[PDB]
Structures are given as structure tokens and as C-alpha cells.
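Worksheet: the structure to be examined is printed underneath.
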Amino acid sequence: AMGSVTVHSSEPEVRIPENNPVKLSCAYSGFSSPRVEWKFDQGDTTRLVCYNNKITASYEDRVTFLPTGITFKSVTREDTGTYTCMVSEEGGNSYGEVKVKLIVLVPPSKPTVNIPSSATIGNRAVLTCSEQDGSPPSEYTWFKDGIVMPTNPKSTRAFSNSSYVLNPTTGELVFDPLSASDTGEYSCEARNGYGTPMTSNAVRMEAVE
Amino acid sequence: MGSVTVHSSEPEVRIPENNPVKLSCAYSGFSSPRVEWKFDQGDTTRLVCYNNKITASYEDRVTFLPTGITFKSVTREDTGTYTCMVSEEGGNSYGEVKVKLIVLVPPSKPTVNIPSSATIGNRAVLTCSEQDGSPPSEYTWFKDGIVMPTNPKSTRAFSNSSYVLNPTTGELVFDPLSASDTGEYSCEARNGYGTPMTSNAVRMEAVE
């Protein structure tokens, strides 16, 4: 006795920041005695949020349950993952699955930087930025005397005599050769599109021959 | 031999760059003496006076006397031991005064490589150096401007720190690095001459 069924979610990609409650919708139809279950997924971790129309152990405190979805009370950057609703028909004639994606927003924190005081004119010169609390991740913006770093060193700018390489997601800034011209107060802001972007410590650097 | 003497009023001369200076060498006991000066520093050795005459490389600046060699100007090149050498023609007698010269050059600004950050726990090498000053530089580390105790421990307000200093390498080395070590570092270089130059203060943070 297979019936023609449906399982979908108004919000295929939810987004909300830390601590606020949030509902995850899952509207299904075609089912006479359905068994709804939610499961969690991120990286290699996978644990059930709802099992047997009941919310599992680890969530009852915060996570409530409905024919239409799971409502929370608060979240954390732990909950950032893909939620998979799963409706089956008792006995198992029919079965469907909506896959909702959650992003828990966390503004970026101050980036730690390792600009070194000096480096020799000519050899490689690795500097860095990183932050690690902002969700989504940080995109980094290098400065020099406060004048934003052109991801492109060559071409028109003013920077076209500098030998660097940037990386908006590693923050790794790498000179090669290092030039006398590169002496400057370096820094970097980290923005993830959320909250306010944090700027690191400006660190002067001198090219010593 | 006949009985002779060769000495110098100034066994260890000291004077800074560009000023003229005389090197004395008063000798006695010699009837027809052949005075010659020779230069020495490290592995370089070249004659300043040969055959009672000043050699090629010096006539411009260096003049000659029965009592010594007068200059007109010096450089940190001339910093070395000068050896006067009087012999008696034919070679019956012979003596030698050994004068030491130090040409003074104030210290220049020290280059420093304090790194922005380091991990709480592992080794943390920072540095200072200067290289124009003569005599050499003795270095003085600071932290928030509070002079570095060559001995971290030994009840100094620093016992909790784990560093090692070196007044002549400038090498400052943490091990372990502690959260406590976050600070605006710098160093002055003094060689006892002129004015001591202070490097760039570089803040440093002990992360994770």
C-alpha cells in the first residue's frame, strides 16, 4: 500500500545567530501514520535530534517538537549543520526526507597576527592573520600604513613593484623577494559579513639589507 | 747589542672618528736607527712606516717623526694595534713599542626582530643588534619600558618569566613562553660612547 507522498521545508537554508530560538520546518503530506525523525550532520559527527516522534536526550531541554518542525529555545556554533527530517509510514510503505541547512551567526573576534619585526631584503617573508570564532568564517583584509592590500600585487595600483601573494581565507601574506619598499605598519581586519569587523594590532616591519 | 730602549707614553690610545692623533714611540740607545711602524688587526697586517718613511697608503693623512706618527684623520678601519720597530743600522740593537688604538664610533639604531606572536609554551627567540659602534654595543632589553633583569629569577619582579638574556648577542629567549610575557619590547644599545640608540618598540602577545 504505497501512497504518493511529499516532504519539504519552507526554509531550505535557515540562518540565525547565537542564543536566539529557531524553528526548523518540515511539512510532509501523503502519510497516514507517519514516523517523523530528525538527524544531525556536520563533518563526521552525526547524531539524532528526534527519534520516534520524540526529541532525543541531548535536546529535550532546549528543542521542542511539532508536526510541522522542531522549535528551539537557543543555539550555539555547535548546532551549525545540516538537519535532515525523515518521515516514514508505519510498516514502511512510504517515506520522504527534507534536508534543512543551518548557519549560526557569530561576529568575528580579534585576529591574531604574526608580523615579524624584520626580514632580510630578498628572502621569503610570511606574515599572517586569523581569527576563529566568527561564523561564517573570516575573510581577511591586509593593510599597509592603512592602505588596503590589492589582492593583486602586479598590474596598476601603486603596489606593482611589491612581490606579494595574499589569501583572503588563510590570511597568509607572503613576500618573495622582500623589498626595501615593503617597510610598513601592517594590519588586517576580519569580516565574515556578520556583526562588525575586528582589526588586528598594527605591526611595523622593516626590510633590512 | 749596545743597551737600548723603545717605549710609548701612550700604550693604549683612544680617540673617535676623523680627528687627528699621534702615536708616540720614544726610543733611545740607537746611533743610526731605522724606525718602522706596522699595522695589525685580525689577520690583516700592513706596514704604516717603512724605512723611516711613511708607506704609500698613508702619506696623504699620516705624517712621521722621531717621536711618533701623527695623523690627520682616522676611521673605524684604523682601529688596531700599532707596532713601532726600531733597529740599529747593520742590526746590532733593536727594540719594539706596541701601541693599541680604538677609534670611537657611537652606536647606530639597533635592528630588532620581535615577532608579533608566539605560542604559550614553546621557545621564543627575539633579538637586537647594532653594528657601527666601536667599541661594540652592550644591549638593554625593556618591557613596557621596564629594564630587563639579566637574571629573570632570583627574586626580581620577574621570577615568573623564563627568559635568558645576553648583553652582547642581544638574543632574548623565552622557554616556556608565558601568557605573562605579553609586552611592548625594545632595546637600547650603548657602547659607552656618544648616545645610546633605542630600537623600535614591538608589542608581542602570548597566544593559545
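Sequences listed follow chains A and B, in order.
When you line the first sequence up against the authors' numbering, it's residues 25 to 233, in that order.
When you line the second sequence up against the authors' numbering, it's residues 26 to 233, in that order.
All residues carry an ideal CB built from backbone N, CA and C; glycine is no exception.
- Item | Buried or exposed by the 16-neighbour rule on C-beta atoms within 10 Å, applied to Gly158/B | Burial check for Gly158/B: the Cβ neighbour count within 10 Å reaches 16 or more, so the residue is buried.
- Query: So, do the region 99 to 111 of chain A and the region 41 to 61 of chain A have three or more beta carbon pairs nearer to each other than 8 angstroms?
  - Reply: Cβ pair count under 8 angstroms is three or more, so yes.
- Task: Determine the direct distance from the alpha carbon of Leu126/A to that of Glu37/A, and round the result to whole angstroms.
- Result: Spanning the two alpha carbons is a distance of roughly 6 angstroms.
- Drop a sphere of 10 angstroms on the beta-carbon of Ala143/A, count the other beta-carbons inside from all chains shown, and report buried for 16 or more, exposed for fewer. Buried is the call here.
- Task: Please name the residues in the region 37 to 61 of chain A whose beta-carbon is closer than 8 angstroms to at least one beta-carbon of chain B, in chain order.
- Result: Of all residues in the region 37 to 61 of chain A, none places a beta-carbon less than 8 angstroms from a beta-carbon of chain B.
- Message: Would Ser162/A and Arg215/A be called neighbours here (beta carbons separated by less than 8 angstroms)?
- Response: With a cutoff of 8 angstroms on beta-carbon distance, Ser162/A and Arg215/A are scored as near each other.
- Task: List the endpoints of the continuous beta strand (DSSP E) containing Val111/A.
- Result: 106 to 113 is the extent of the beta strand (DSSP E) around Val111/A.
- With 8 angstroms as the threshold, decide whether the Cβ of residue 11/B is near any Cβ in chain A. The question about residue 11/B has no answer, for chain B in this structure spans 26 to 233.
- Please name the residue, chosen from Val137/A, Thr104/A, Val128/A, that lies closest to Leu197/A on a Cα-to-Cα basis. Proximity to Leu197/A across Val137/A, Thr104/A, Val128/A peaks at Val137/A, based on C-alpha coordinates.
- Item | Partner residues on chain A for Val232/B, Cβ-Cβ distance less than 8 angstroms | By Cβ distance, chain A contributes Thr136.
- Could you give the distance in angstroms between the alpha-carbon of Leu90/A and the alpha-carbon of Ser49/A? Between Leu90/A and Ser49/A, the C-alpha separation is close to 9 angstroms.
- Message: For the region 165 to 177 of chain B against the region 110 to 119 of chain B, do three or more pairs of beta-carbon atoms, one drawn from each stretch, fall closer than 8 angstroms, so that the two count as touching?
- Response: Counting Cβ pairs under 8 angstroms, fewer than three are found: no touch.
- Near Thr104/B, what residues of its chain come up, given a Cβ to Cβ distance below 8 angstroms and the 5 sequence neighbours on each side ignored? For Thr104/B, where only same-chain residues beyond five positions count, the Cβ hits under 8 angstroms are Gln66, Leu126, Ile127, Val128, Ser159.
- Cα separation between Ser28/B and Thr165/B? Taking the straight line joining both Cα atoms gives about 53 angstroms.
- Query: At what residues does the beta strand (DSSP E) containing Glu163/B begin and finish?
  - Reply: Here the beta strand (DSSP E) through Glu163/B covers 163 to 168.
- Message: Whole angstroms are fine: how far does the CA of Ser187/B sit from the CA of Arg148/B?
- Response: Taking the straight line joining both Cα atoms gives about 10 angstroms.
- Query: Is the Cβ-Cβ distance between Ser203/A and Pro140/B less than 8 angstroms?
  - Reply: Result no, Cβ atoms of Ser203/A and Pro140/B do not sit closer than 8 angstroms.
- According to DSSP, is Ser28/A helix, strand or coil? Correct three-state label for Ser28/A: coil.
- Item | Short CB-CB distance (under 8 angstroms) between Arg228/B and chain A | Output row for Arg228/B: interface = yes.
- Task: Would you mind telling me which residues of chain A sit closer than 8 angstroms to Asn225/B, beta carbon to beta carbon, in chain order?
- Result: Taking a Cβ-Cβ threshold of 8 angstroms, the residues of chain A close to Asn225/B are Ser141, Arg228, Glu230, in chain order.
- Which of the three DSSP states, helix, strand or coil, is assigned to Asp200/B? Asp200/B falls in the coil class under three-state DSSP.
- Task: Kindly indicate the opening and closing residues of the beta strand (DSSP E) around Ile94/B.
- Result: In the DSSP assignment, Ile94/B falls within the beta strand (DSSP E) that extends over 93 to 95.
- Message: Going by C-alpha to C-alpha distance, which of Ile145/A, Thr69/A, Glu61/A, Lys134/A sits closest to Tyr119/A?
- Response: When only C-alpha atoms are compared, the closest one is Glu61/A.
- Tell me, please, which residues DSSP counts as bridged to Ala143/A. Among the bridge pairs identified by DSSP, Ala143/A is matched with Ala231/A.
- Close beta carbons around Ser205/B, own chain, < 7 angstroms, minus the five adjacent residues each side: Cβ neighbours of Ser205/B beyond the five flanking positions: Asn185, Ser186.
- Message: I'd like the ranges of any beta strand (DSSP E) spanning at least 3 consecutive residues and lying wholly in the region 56 to 87 of chain B.
- Response: For the region 56 to 87 of chain B, whole beta strand (DSSP E) runs of length 3 or above, ordered along the chain, are 58 to 65.
- Item | Nonlocal neighbours in the same chain, by C-beta distance under 7 angstroms from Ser56/B, ignoring five residues either side | Within its own chain, the residues whose Cβ lies closer than 7 angstroms to the Cβ of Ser56/B, once the five positions on either side in sequence are excluded, are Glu113, listed in chain order.
- For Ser187/A, three-class secondary structure by DSSP: In the three-state scheme derived from DSSP, where H, G and I count as helix and E and B as strand, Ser187/A is classed as coil.
- Message: Please list the terminal residues of the continuous beta strand (DSSP E) segment that includes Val99/B.
- Response: It is not in any beta strand (DSSP E) - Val99/B carries neither H nor E in the DSSP assignment.
- Task: In the DSSP assignment, find the unbroken beta strand (DSSP E) run with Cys50/A in it and report its ends.
- Result: Taken as a continuous stretch (DSSP letters only), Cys50/A belongs to no beta strand (DSSP E), as it is neither H nor E.
- Where the beta strand (DSSP E) through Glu37/B begins and ends: Looking at the DSSP string, the run of the beta strand (DSSP E) that includes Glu37/B is 37 to 41.
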